[PDB]
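Engineer: take these chains first, placed just as they are in the complex:
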Amino acid sequence: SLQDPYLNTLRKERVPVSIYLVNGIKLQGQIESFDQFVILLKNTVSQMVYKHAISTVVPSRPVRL
Amino acid sequence: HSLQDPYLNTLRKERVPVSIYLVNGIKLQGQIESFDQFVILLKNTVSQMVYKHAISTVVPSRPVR
Amino acid sequence: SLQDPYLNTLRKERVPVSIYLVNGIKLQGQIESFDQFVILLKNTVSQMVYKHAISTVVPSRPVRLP
Amino acid sequence: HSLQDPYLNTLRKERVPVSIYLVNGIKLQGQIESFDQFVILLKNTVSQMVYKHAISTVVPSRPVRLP
């Protein structure tokens, strides 16, 4: 797969990313953990976003696998 | 399931007043009474069920865990 | 699961509920029956509402499931 | 599928004019010719194949019910 290595690479070295939801609402923060269904991002509060409502996940700094 | 279930249960038994966002931008707010694989029922004044496919984001008001 | 017992308690007690869809449109009625996928309610005529398009099911009276 | 399929079959056989409200609020009014477990076909002037995952409600014009 691709999602499980990419999100692990994104969370282990803590890139400040922006997640765009399906309605256009954008969310700044860093990913701490992720299961098969949700993603827990935390800038100042432990926030949980369901992955079925995520349009895009964009890192701010360039990342490689 | 490895992240979603220890998170909603921690917000449930500690009774943190959370704010649940929907996929159409509607902000609901209350306490989580219980949760299935598919639903979360919250109480503000009247207990109501919300399907998890309509939930975009679950935000607690105070930091947890 | 409380997907089925809560809807069974709304169905057997004949509680007038309000169903909010995923676009904000509410539908007031009484849950006549439901399977895994649909919910039939009747305010004026019988109506089949799909569970993948609802957001919230709220009752008018306070009901806790057994 | 144990309860929606005899409902849609009753909507077919008595030929009641139905109105399908989509998940964005758009009303498509007509009558159901035939339904799969993934799609429904409604005929007003052409045969529309409407997907079942884009439908919010299916409501008939006159009150009917299944035996």
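Structural biologist: Arrived safely. Residues are numbered from 1 along each chain as shown, chains lettered A, B, ... in the order given.
Engineer: near chain B, which residues of chain A show up?
Structural biologist: A:21-23, A:25, A:27, A:33-38, A:40, A:45-50, A:52-53 (CB under 8 Å from any CB of the partner chain). (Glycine included, C-beta is placed from N, CA and C.)
Engineer: just the ones in strands from those, please.
Structural biologist: Those of these mapping onto strands are A:21, A:27, A:33, A:34, A:38, A:40, A:46, A:47, A:48, A:49, A:50, per DSSP state E.
Engineer: relative to residue B:8, which of those residues is nearest.
Structural biologist: Minimum distance to residue B:8 across these is 8.4 Å, recorded for residue A:48 (CB to CB).
Engineer: am I right that residue A:6 is in contact with residue A:39?
Structural biologist: No: in this structure, residue A:6 is not within contact of residue A:39 by CB atoms under 8 Å, at 11.9 Å.
Engineer: in this structure residue A:10 contacts residue A:18, no?
Structural biologist: No: counting by CB under 8 Å, residue A:10 does not reach residue A:18; the two are 11.9 Å apart.
Engineer: which residues are in contact with each of the two?
Structural biologist: Common neighbours of residue A:10 and residue A:18, using CB atoms under 8 Å, 6 or more residues apart in numbering or on different chains, are residue A:57.
Engineer: contacts only, for the one residue sitting closest to the centre of chain A.
Structural biologist: By CA atoms, centre = their mean, chain A has its centre lying nearest to residue A:31, at 5.0 Å. Shown in contact with residue A:31 (CB under 8 Å, 6+ apart): A:7, A:10, A:11, A:17, A:39, A:40, A:41.
Engineer: who's more crowded, residue A:6 and residue A:39?
Structural biologist: Higher neighbour count among residue A:6 and residue A:39: residue A:39, with 24 against 14, using other CB atoms under 10 Å in any protein chain shown.
Engineer: check contacts around the nearest residue to that one once chain neighbours are set aside.
Structural biologist: The shortest distance from residue A:39 to any non-neighbouring residue, by CB to CB, 6 or more residues apart in numbering or on different chains, is to residue A:49 (5.2 Å). Shown in contact with residue A:49 (CB under 8 Å, 6+ apart): A:19, A:21, A:27, A:38, A:39, A:40, A:41, B:56, B:57.
Engineer: look up how far residue C:25 lies from the fourth one.
Structural biologist: Using CB to CB, to the nearest Å, residue A:38 is found at 27 Å from residue C:25.
Engineer: the third one too?
Structural biologist: The gap separating residue A:27 from residue C:25 is 27 Å, by CB to CB.
Engineer: same thing with residue A:33?
Structural biologist: For residue A:33 relative to residue C:25 (CB to CB), the value is 36 Å.
Engineer: how about residue A:11?
Structural biologist: Residue A:11 is 38 Å from residue C:25, by CB to CB.
Engineer: add chain E to the structure above, sequence below:
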Amino acid sequence: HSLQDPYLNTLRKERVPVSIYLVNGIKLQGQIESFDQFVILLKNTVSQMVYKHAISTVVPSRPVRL
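Structural biologist: Time to bring in chain E:
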């Protein structure tokens, strides 16, 4: 799967100019050249791929038999 697959195929091989409506209301229009379980390839000046979970309806220009 038992009824949408003859319908898309008889829109394909008769090359009927179809109008396909997205779930956000966007009206695309072209011709159906191929379809798997998951996508439909709409043929026009550019040949694009439309996912089936974003499609509300597929209408034909002329009424066809099935």
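Engineer: revisit the contacts of residue A:31 given that chain E is now included?
Structural biologist: A:7, A:10, A:11, A:17, A:39, A:40, A:41.
Engineer: partners of it in the sheet?
Structural biologist: Taking DSSP bridges as the rule, residue A:31 bridges to residue A:41.
Engineer: which part of chain A gets nearest to chain E, residue-wise?
Structural biologist: residue A:22 (10.3 Å; CB to the nearest CB).
Engineer: the closest residue to residue A:54 other than its chain neighbours: neighbouring residues, count only.
Structural biologist: With CB to CB, 6+ apart as the criterion, residue A:54 has its nearest non-adjacent residue at 5.8 Å, and that residue is residue A:19. Number of residues near residue A:19 (other CB under 10 Å) recorded here: 22.
Engineer: run a quick neighbour tally on the nearest residue to residue A:53 once chain neighbours are set aside.
Structural biologist: Ranked by CB to CB, 6+ apart and with sequence neighbours excluded, the top spatial neighbour of residue A:53 is residue B:56, at 4.0 Å. Residues near residue B:56, counting by other CB under 10 Å, number 21.
Engineer: who's in contact with residue B:56?
Structural biologist: With CB under 8 Å, 6+ apart, residue B:56 has these contacts: A:21, A:22, A:23, A:25, A:49, A:50, A:53, B:21, B:22, B:23.
Engineer: redo that, cut-off 6 Å
Structural biologist: A:21, A:53, B:21, B:22, B:23 (CB atoms under 6 Å, 6 or more residues apart in numbering or on different chains).
Engineer: show me which of the contacts of residue A:31 is closest to chain D.
Structural biologist: Of these, the one sitting nearest to chain D (CB to the nearest CB) turns out to be residue A:39, at 23.7 Å.
Engineer: show me the contacts for that closest one.
Structural biologist: Residue A:39 is in contact with A:31, A:49, A:51, counting by CB under 6 Å, 6+ apart.
Engineer: just residue A:61 next, same as before
Structural biologist: residue A:15.
Engineer: rerun that using 8 Å as the cut-off
Structural biologist: A:15, A:16.
Engineer: cool, and residue A:41?
Structural biologist: When contacts are taken as CB under 8 Å, 6+ apart, residue A:41 is in contact with A:17, A:19, A:27, A:29, A:30, A:31, A:32, A:47, A:49.
Engineer: let's see that with 10 Å instead.
Structural biologist: By CB atoms under 10 Å, 6 or more residues apart in numbering or on different chains, the residues touching residue A:41 are A:11, A:17-19, A:27-34, A:47-49, A:57, B:57.
Engineer: ok, back up a step: which one of the contacts of residue A:39 sits closest to chain D?
Structural biologist: Comparing the contacts of residue A:39 against chain D with CB to the nearest CB picks out residue A:51 as the nearest, at 17.9 Å.
Engineer: correct me, but the closest one touches residue A:37?
Structural biologist: Yes: Residue A:51 lies in contact with residue A:37 (CB atoms under 10 Å); the separation is 6.2 Å.
Engineer: also put chain F on there:
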Amino acid sequence: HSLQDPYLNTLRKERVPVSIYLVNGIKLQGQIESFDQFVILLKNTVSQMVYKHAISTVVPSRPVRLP
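Structural biologist: With chain F now in place:
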């Protein structure tokens, strides 16, 4: 998943400036690094990660043929 992976793989081998439209009408240009069962990467100044359940359409700016 029978025919969509030759299409995206044809876009991946000979890299096309592909425009992907989202389910809310958002247009995104870029080039596909790789794709998965559920998700697609895009190349720009920032490298986007877009899930397939939010993608409405995928179009190339150049007319590409499918073998």
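Engineer: the contacts of residue A:31 again please, this time with chain F.
Structural biologist: Contacts of residue A:31 (CB under 10 Å, 6+ apart): A:7-8, A:10-12, A:14-17, A:19, A:39-42, A:49, A:57, A:59.
Engineer: and the buried ones among those, selectable in ChimeraX?
Structural biologist: Restricted to buried positions by 16 or more other CB atoms under 10 Å in any protein chain shown, the ChimeraX selection for those reads:
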select /A:7,10,11,17,19,39,40,41,49,57,59
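Engineer: show me which residues of chain A sit near chain F.
Structural biologist: A:1-7, A:10, A:17-24, A:51-65 (CB under 10 Å from any CB of the partner chain).
Engineer: next, the contact list for whatever residue of chain A ends up closest to chain F, please.
Structural biologist: Chain A approaches chain F most closely through residue A:2 (3.7 Å), counting by CB to the nearest CB. Shown in contact with residue A:2 (CB under 10 Å, 6+ apart): A:65, F:33, F:34, F:35, F:36, F:37, F:38, F:39, F:40, F:41, F:49.
Engineer: now with 7 Å?
Structural biologist: Residue A:2 makes contacts with F:34, F:36, F:39, as judged by CB atoms under 7 Å, 6 or more residues apart in numbering or on different chains.
Engineer: phi and psi next, for it.
Structural biologist: Residue A:2 has phi and psi values of phi -130, psi -30 when expressed as degrees, to the nearest 10.
Engineer: residue contacts, the residue nearest to residue A:35 when sequence neighbours are not counted?
Structural biologist: Leaving aside its sequence neighbours, residue A:35 sits nearest to residue B:3 (CB to CB, 6+ apart; 3.8 Å). By CB under 7 Å, 6+ apart, residue B:3 lies in contact with A:33, A:34, A:35, A:38, A:40.
Engineer: which one of those residues has the most neighbours?
Structural biologist: Result: residue A:38 is most packed of these (other CB under 10 Å), 24 neighbours.
Engineer: isn't residue A:18 right up against residue A:25?
Structural biologist: No: at 10.7 Å, residue A:18 and residue A:25 do not qualify as touching, with contact defined as CB atoms under 7 Å.
Engineer: next up, phi/psi of the closest residue to residue A:23 other than its chain neighbours, please.
Structural biologist: Once flanking residues are discounted, residue A:23 sits nearest to residue B:25: 5.6 Å by CB to CB, 6+ apart. Note on residue B:25: its backbone torsions stand at phi 80, psi 10 [degrees, to the nearest 10].
Engineer: mind checking how far residue A:1 is from chain C?
Structural biologist: According to CB to the nearest CB, to the nearest Å, residue A:1 stands 26 Å off from chain C.
Engineer: count the neighbours of that residue for me.
Structural biologist: Counted with other CB under 10 Å, residue A:1 comes out at 9.
Engineer: which non-adjacent residue is nearest it?
Structural biologist: Among residues not flanking residue A:1 along the chain, residue F:36 sits closest, at 5.4 Å (CB to CB, 6+ apart).
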